[PDB]
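One file, coords-v9.cif, is given below (mmCIF, C-alpha atoms).
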```cif
data_entry
#
loop_
_atom_site.label_atom_id
_atom_site.label_comp_id
_atom_site.auth_asym_id
_atom_site.auth_seq_id
_atom_site.Cartn_x
_atom_site.Cartn_y
_atom_site.Cartn_z
CA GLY L 1 -105.51 4.90 26.50
CA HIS L 2 -107.73 7.67 25.18
CA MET L 3 -105.23 10.41 26.01
CA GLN L 4 -102.61 9.26 23.50
CA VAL L 5 -99.39 11.15 24.21
CA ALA L 6 -96.21 10.86 22.15
CA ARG L 7 -93.13 12.76 20.97
CA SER L 8 -95.46 14.91 18.86
CA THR L 9 -95.78 17.65 21.47
CA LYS L 10 -92.83 16.71 23.66
CA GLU L 11 -90.08 18.69 21.92
CA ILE L 12 -88.23 17.55 18.83
CA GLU L 13 -86.83 14.28 20.12
CA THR L 14 -87.21 10.51 19.78
CA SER L 15 -86.63 8.42 16.61
CA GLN L 16 -82.95 8.98 17.33
CA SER L 17 -82.25 6.12 19.72
CA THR L 18 -83.04 6.49 23.42
CA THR L 19 -82.89 9.95 24.95
CA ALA L 20 -82.93 11.28 28.47
CA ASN L 21 -85.23 13.62 30.25
CA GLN L 22 -84.59 16.90 32.03
CA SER L 23 -85.83 15.34 35.21
CA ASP L 24 -83.04 12.96 34.43
CA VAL L 25 -80.51 15.33 33.02
CA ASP L 26 -80.98 18.78 34.54
CA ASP L 27 -80.85 17.58 38.17
CA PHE L 28 -78.04 15.26 37.22
CA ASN L 29 -76.11 18.06 35.65
CA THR L 30 -77.09 20.33 38.41
CA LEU L 31 -76.08 18.19 41.31
CA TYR L 32 -73.14 17.35 39.16
CA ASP L 33 -72.32 21.00 38.66
CA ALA L 34 -72.82 21.21 42.34
CA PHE L 35 -70.03 18.76 43.15
CA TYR L 36 -67.92 21.39 41.62
CA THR L 37 -67.17 24.39 43.70
CA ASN L 38 -67.02 26.33 40.45
CA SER L 39 -68.57 25.88 37.02
CA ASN L 40 -65.10 25.47 35.55
CA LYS L 41 -65.45 22.16 37.36
CA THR L 42 -61.84 22.33 38.33
CA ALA L 43 -62.66 22.02 41.99
CA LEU L 44 -65.03 19.93 44.03
CA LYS L 45 -67.31 20.46 46.95
CA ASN L 46 -67.19 17.73 49.47
CA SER L 47 -70.72 18.11 50.78
CA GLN L 48 -71.82 16.96 47.34
CA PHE L 49 -69.90 13.68 47.61
CA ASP L 50 -72.81 12.25 49.61
CA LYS L 51 -74.87 12.82 46.50
CA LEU L 52 -72.37 11.03 44.32
CA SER L 53 -74.53 7.92 44.59
CA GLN L 54 -77.27 10.41 43.84
CA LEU L 55 -75.34 11.67 40.83
CA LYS L 56 -75.15 8.01 40.03
CA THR L 57 -78.83 7.96 40.66
CA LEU L 58 -79.40 10.81 38.28
CA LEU L 59 -77.06 9.14 35.87
CA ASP L 60 -79.20 6.12 36.66
CA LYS L 61 -81.95 8.40 35.51
CA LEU L 62 -79.97 8.80 32.35
CA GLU L 63 -79.73 5.09 32.30
CA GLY L 64 -81.40 3.60 29.31
CA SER L 65 -81.06 6.95 27.56
CA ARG L 66 -78.27 8.23 25.31
CA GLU L 67 -77.55 11.01 27.77
CA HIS L 68 -76.43 8.33 30.10
CA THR L 69 -73.32 7.99 28.04
CA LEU L 70 -72.52 11.61 28.24
CA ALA L 71 -73.67 11.83 31.67
CA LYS L 72 -71.88 8.71 32.70
CA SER L 73 -68.94 10.31 31.19
CA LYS L 74 -69.88 13.26 33.36
CA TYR L 75 -70.85 11.24 36.32
CA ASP L 76 -67.94 8.85 36.20
CA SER L 77 -65.73 11.80 35.67
CA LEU L 78 -67.15 13.73 38.52
CA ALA L 79 -67.32 10.59 40.57
CA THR L 80 -63.68 10.02 39.99
CA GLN L 81 -62.80 13.57 40.83
CA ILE L 82 -64.53 13.26 44.04
CA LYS L 83 -63.44 9.60 44.51
CA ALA L 84 -59.98 10.90 44.02
CA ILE L 85 -60.56 13.47 46.56
CA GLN L 86 -62.01 10.81 48.66
CA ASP L 87 -59.11 8.56 47.94
CA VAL L 88 -56.55 10.98 49.06
CA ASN L 89 -58.77 12.56 51.77
CA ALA L 90 -59.32 9.00 52.79
CA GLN L 91 -55.67 8.90 53.52
CA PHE L 92 -56.05 11.67 56.04
CA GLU L 93 -57.70 11.62 59.38
CA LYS L 94 -59.73 14.43 57.87
CA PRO L 95 -60.33 15.18 54.19
CA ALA L 96 -57.84 17.33 52.55
CA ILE L 97 -59.51 18.44 49.47
CA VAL L 98 -62.50 20.26 50.63
CA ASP L 99 -64.24 22.69 48.37
CA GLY L 100 -61.61 22.19 45.68
CA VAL L 101 -58.97 23.16 48.16
CA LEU L 102 -56.79 21.01 50.23
CA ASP L 103 -56.85 20.91 53.99
CA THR L 104 -53.24 21.36 54.96
CA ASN L 105 -54.59 21.05 58.40
CA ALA L 106 -55.34 17.49 57.53
CA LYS L 107 -53.61 14.45 58.79
CA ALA L 108 -52.24 11.91 56.39
CA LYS L 109 -53.09 8.77 58.35
CA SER L 110 -50.75 5.86 59.02
CA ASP L 111 -52.94 4.23 56.44
CA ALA L 112 -52.54 7.00 53.90
CA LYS L 113 -51.51 5.42 50.70
CA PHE L 114 -51.61 7.88 47.88
CA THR L 115 -52.07 7.52 44.19
CA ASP L 116 -51.18 10.04 41.54
CA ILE L 117 -54.80 10.23 40.71
CA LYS L 118 -55.81 11.79 37.51
CA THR L 119 -59.43 12.45 37.34
CA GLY L 120 -58.90 14.32 34.20
CA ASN L 121 -59.49 17.40 36.31
CA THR L 122 -56.09 19.02 36.44
CA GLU L 123 -56.71 21.67 39.04
CA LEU L 124 -58.25 18.88 41.01
CA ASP L 125 -55.25 16.67 40.31
CA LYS L 126 -53.29 19.50 41.68
CA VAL L 127 -55.44 19.65 44.78
CA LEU L 128 -55.53 15.89 45.03
CA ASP L 129 -51.82 16.28 44.97
CA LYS L 130 -52.00 19.00 47.48
CA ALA L 131 -53.27 16.50 49.91
CA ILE L 132 -50.77 13.89 48.91
CA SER L 133 -48.25 16.54 49.61
CA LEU L 134 -49.47 16.47 53.18
CA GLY L 135 -48.87 12.73 52.96
#
```
Would you mind writing the structure in this file as C-alpha cells?
Amino acid sequence: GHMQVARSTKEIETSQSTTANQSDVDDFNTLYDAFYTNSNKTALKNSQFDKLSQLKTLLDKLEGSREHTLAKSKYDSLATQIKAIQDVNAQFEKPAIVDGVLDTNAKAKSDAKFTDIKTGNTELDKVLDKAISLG
C-alpha cells in the first residue's frame, strides 16, 4: 500500500524470529495471572477455568510467535494446574480446589479417581492433594 508500516516504528522487535503481540501476550498473561488467585501463582481461581480455552486462545494468539513457547509453557502450566484442580475436583460432586483452596465440603464421588498431580505448582499440588485427601 501507500501507508507502508513496518517494525521501524513498532518498538525494537522483529528480525529475531517470530514474536508475539501485547494483544496476544498481555491479555494472555493477564487472564493467565487471573487463573491464579495470587500473583505468586501458587493458587488458582476456578472461575478462570472457563477461560482456560481462552488462555489457550490467547496462547493461540501467541501461536506462530516465539512468545507462544513461553506462553505455552505458561499456558500449559496454568492449564495443568487448573486441569489438575479440575481432575481432582472432577472427582468430587463439587470442586474441591476453589480459589487455590480446597473445598473440604466437597464430595469425592464414587467415580473419584485421584492422581498425585504435579502441575509444577507446589502449593497447588498441596491443594490438589487437599482434595484428594477428601477422597
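In terms of minimum interatomic distance to residue L:51, L:33 ranks closest within L:33, L:103, L:116, L:13, counting only C-alpha atoms.
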Shortest interatomic distance to residue L:18 - which of L:64, L:120, L:135, L:100, counting only C-alpha atoms:
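Smallest distance to residue L:18 is found for L:64.
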Excluding residue L:88 and residues on its chain fewer than 3 positions from it, collect all residues at most 12 Å away from it, counting only C-alpha atoms, and give them as a PyMOL selection string.
chain L and resi 80-85+91-98+102-103+106-109+111-118+124-135
Counting all atoms listed in the file, the residue of L:6, L:78, L:25, L:71 that sits nearest residue L:48:
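The shortest atom-to-atom distance to residue L:48 comes from L:78.
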Evaluate the PyMOL selection byres ((chain L and resi 63) around 12) against this structure - the residues, as number ranges by chain, please.
L: 18-21, 24-25, 28, 55-62, 64-72, 75
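The residue that comes closest to residue L:47, out of L:1, L:99, L:10, L:104 and on the basis of all atoms listed in the file, is L:99.
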Using all atoms listed in the file, what residues lie at most 10 Å away from (-67.9, 19.7, 39.1) (file coordinates), given as number ranges by chain?
L: 29-45, 48, 74-75, 77-79, 81-82, 100, 121, 124
Record the distance separating atom CA of residue L:101 and atom CA of residue L:122, expressed in Å with one decimal.
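Result for atom CA of residue L:101 versus atom CA of residue L:122: 12.8 Å, one decimal.
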In Å to one decimal, how far is atom CA of residue L:50 from atom CA of residue L:105?
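Value for the atom CA of residue L:105-atom CA of residue L:50 distance: 22.1 Å.
Between atom CA of residue L:119 and atom CA of residue L:87 there is a distance of 11.3 Å.
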Centre, edges in Å (one decimal): axis-aligned box, stretch 35-53 of chain L, 3 Å padding on all six sides, as lines of an AutoDock Vina configuration file:
```
center_x = -68.4
center_y = 17.1
center_z = 43.2
size_x = 19.0
size_y = 24.4
size_z = 21.2
```
Between L:22, L:27, L:110, L:5, which residue has the minimum interatomic distance to residue L:54, considering all atoms listed in the file?
L:27
